[PDB]
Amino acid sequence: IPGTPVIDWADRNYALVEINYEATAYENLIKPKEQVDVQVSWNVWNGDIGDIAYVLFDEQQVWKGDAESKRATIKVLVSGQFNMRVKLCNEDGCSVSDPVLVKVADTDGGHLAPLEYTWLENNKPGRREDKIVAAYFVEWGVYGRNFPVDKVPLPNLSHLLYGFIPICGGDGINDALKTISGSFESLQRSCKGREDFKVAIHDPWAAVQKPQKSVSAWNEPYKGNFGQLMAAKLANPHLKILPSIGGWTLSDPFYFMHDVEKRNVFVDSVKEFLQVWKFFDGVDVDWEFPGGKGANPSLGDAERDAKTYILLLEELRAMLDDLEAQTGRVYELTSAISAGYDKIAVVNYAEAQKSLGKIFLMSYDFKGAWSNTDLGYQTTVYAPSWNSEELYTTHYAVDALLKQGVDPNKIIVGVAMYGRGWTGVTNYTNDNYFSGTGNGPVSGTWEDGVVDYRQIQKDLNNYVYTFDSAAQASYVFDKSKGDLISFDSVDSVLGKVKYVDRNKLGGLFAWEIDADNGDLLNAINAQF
């Protein structure tokens, strides 16, 4: 028998996608790899080197070669952990080394352990499984809001939408970003040396670099929101995770995509992004909005954008089908859309739904502190009791989509987990505050004019509360400060559940998950 082989000490943690934990540019951040090369070297003690050498992974042969070299190199394609041994043979028989643990990491989380949700606040088990129940998780919530992925009530969600994946571009291309201090500068860093119109990550620190629960080791392959999402998917195998591209301030590049050159760069970038970040199950298109009236007033062209949107969806669906065939997986394609009828009219949704599995109707932000004059329900199902002629309602938006021929199955109704409101509202009559005028935005939790649902509850005693059962909408008022806030409550949300059930819609989705204390998400999952 040959001498006993002993494997040399080595870093044996490998990554099919390498992360530079100091990089700020997306192109330095990741190093995607075809394969990983597992390296082993050994020495032989008390006997001969053997006539032949084998490498075993969990007692399966993965290499044979020269015993005299005392070295082997083994190609590995997929993530996982396994025991590696060296086995030396001669005519007599074999001697085997002690095993070493080898770890190959990849973005499907194959090297990870499940990250389970511990039940926080008022959240309660029970998920409505015959409907779409989705929520947006915002990338930047890991800061002030202190809401990392591990606080997300994933057992009660069918879908988690990651907001937001940006499109690369500087001056002229992401000007909307300039309305938020540092936001445009931050994106420029992330896209440094990266071609315009490619997808990237806005905050690679929050996305992958920041230590978080269960991904905080010194040599952790993937940290941040992304690392947490890989692990959380293992704990919640029902869940689908979608990268959401665009949103209010990141939508500008879409307006340039009538040009097939830029559109091609974008679609290819998306394809590469999903191959790099295996934990995503598709793509959510959140263009705000075809036709304009988004964060950037200069932008928008109705006839041109309606076609761009259709073309873009078609090409994304065709790309996603290639991925499906190539990986054996099922990839979704969705879009978040305005619930304003004047924005809905821009787009042929009967044509769009030929590429889309779901449409996230953004039935909120109907009204807000951008105007002191136009006071009303920021979200609501029907027209208010005091104004039966309101068109900015969930019912009208849904009706408009139905009239266009959209399957009601594909329509997902939006729930705001925050309120929009005004301060100092006066010059009104008969305690109808909505006939008054505001003196500015209500003081806000994180931004002014907007209040987390959780903050609203904590502050309930400061307010007189009103439900409008005709409209299925709620609000609060504090004469003391003249504070008026319209928001989704347990009542109005149950209203929306009833509305969705009655009209056979696809389900509901919330914006944004960190603002809830569990009340609203429980309500969303209520089954009648």
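From 1 onward, residues are counted along the sequence shown.
Mean C-alpha B-factor comparison - 119-127 and 156-164, higher one = Comparing averages over the C-alpha atoms only gives 119-127.
Report the stretch with the higher mean CA temperature factor, choosing between 388-396 and 220-228 on the basis of the entry.
-> Mean B over CA atoms: larger for 388-396.
Could you say which of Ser435, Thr107, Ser335, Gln209 has its CA atom at the highest B factor, as listed in the PDB entry?
-> Result of the comparison over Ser435, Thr107, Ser335, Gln209: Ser435.
Hey, out of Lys367, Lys87, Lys458, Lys198, whose CA B-factor is highest in the deposited coordinates?
-> If I rank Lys367, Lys87, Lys458, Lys198 by C-alpha B-factor, first place goes to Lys458.
Sorting the chain's modelled residues by C-alpha B-factor, tell me whether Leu401 ends up in the lowest, middle or highest third.
-> For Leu401, the deposited C-alpha B-factor lands in the highest third.
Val138, C-alpha B-factor rank within chain (lowest, middle or highest third) = Its C-alpha B-factor, which the entry lists for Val138, ranks in the lowest third among residues of this chain.
Could you say whether, by C-alpha temperature factor, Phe256 belongs to the lowest, middle or highest third of its chain?
-> Ranked within chain, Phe256 CA B lands in the lowest tercile.
For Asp37, the third of its chain into which the C-alpha B factor falls | Answer is middle: the recorded C-alpha B-factor places it there.
Chain thirds of CA B-factor: placement of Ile524 | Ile524: CA B-factor falls in the middle third of its chain.
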